[PDB]
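First, one chain by itself: the form deposited in one PDB entry, in structure tokens.
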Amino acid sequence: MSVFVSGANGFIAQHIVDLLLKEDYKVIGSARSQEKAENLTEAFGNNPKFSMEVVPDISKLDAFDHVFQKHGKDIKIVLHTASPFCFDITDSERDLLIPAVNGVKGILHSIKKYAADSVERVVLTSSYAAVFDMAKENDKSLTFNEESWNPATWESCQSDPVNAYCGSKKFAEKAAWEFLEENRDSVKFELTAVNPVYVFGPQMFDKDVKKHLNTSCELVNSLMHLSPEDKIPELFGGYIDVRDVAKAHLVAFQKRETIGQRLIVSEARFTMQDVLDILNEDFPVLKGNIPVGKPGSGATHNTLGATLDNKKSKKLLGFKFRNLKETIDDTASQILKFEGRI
């Protein structure tokens, strides 16, 4: 009853390890170096049921061979949360697209060779970037669901860095499904994809906040630090708390009904205005020091773009998600506690 979590030091991944250990699973994780592996096992307080392997570069196809060669008979569940450790914008194909695809193909081929009969479930951390149409998010008449796929092609997505990045998520998820479709009679596992939107919420450990804020929580951090007259960035998307994302990964491998499914983990829509309203209303230390904008004109009070219909995902997952106030509260409070501002 052992579970392998790749890139276990990640924002989402640390919460996954946390939940797994609280549910009395044995957990094996990967990090890019011995130091990082040690830091994490120490952070969890040398739990006997938690062990780490070192996997320095997941962009290589043989990266996960040793772990499955050494522990393959013992691993029942694989939660592949790790993404290629770095990328660049020139030669998108060689430096972003190909590594993204191999980053998924490698671990699956490791399973096929050293654990074709023991691994029962694989959950892939995907993204809403593999689902949506970036140019059509603002179209109120449209609806996107679990069956929606990013329309960008291998060639067309290379237009600019942002499109290329979202394209890499599509082709990464596609390679997973393709591997299983073709190797179904050669592997025992079933596959599920978890597709988060913008991920907010507290870091698993308080020390992390200084270095390890993800892209979404960085947006909150910057808002907290803007002057009263500073401009408000224009952003629209779904939001989800990191703990709900972590919980969804467990439900993804635990339930029969999540087999072969893409699960969009999103609670509702937001804009930066919605985040600003919460910051102002909930944090006396910030009130008067940050921008105010136009209170109550964000997506928590209005329909501002395409409908994200993840009712299937919600039904399948079977647990209620944290709202924006709660996730921003926890995110902001943790940063303010790290800054000693209380």
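Residues carry their position along the shown sequence, with the first being 1. In this text, the rigid core denotes the largest set of C-alpha atoms whose superposition between the two forms falls within 1.5 Å.
The discussion below concerns the form deposited in another entry, not included here.
I want to make sure I read this right: if the two forms are fitted on their rigid core, which of 205, 177, 149, 85 has a C-alpha displacement of 2 angstroms or more between this form and the one not shown?
None of the others reach 2 Å, which leaves 85.
Take the rigid core as the frame of reference and indicate whether the C-alpha of residue 159 shifts by 2 Å or more between this form and the one not shown.
Yes, because once the rigid core is superposed, the C-alpha of residue 159 moves 2 Å or more between this form and the one not shown.
With both forms fit on the core, is the shift of the CA atom of residue 94 between this form and the one not shown 2 Å or larger?
Residue 94 C-alpha, core-superposed: shift of 2 Å or more.
Might you say whether the CA atoms of residue 85 and residue 71 end up closer or farther apart in the other entry than in this form? Their distance differs by 3 Å or more.
Farther: residue 85 and residue 71 separate by 3 Å or more in the other entry.
Where do residue 87 and residue 272 end up in the other entry, Cα atoms closer or farther than shown, with a change of 3 Å or more?
Nearer in the other entry, by 3 Å or more.
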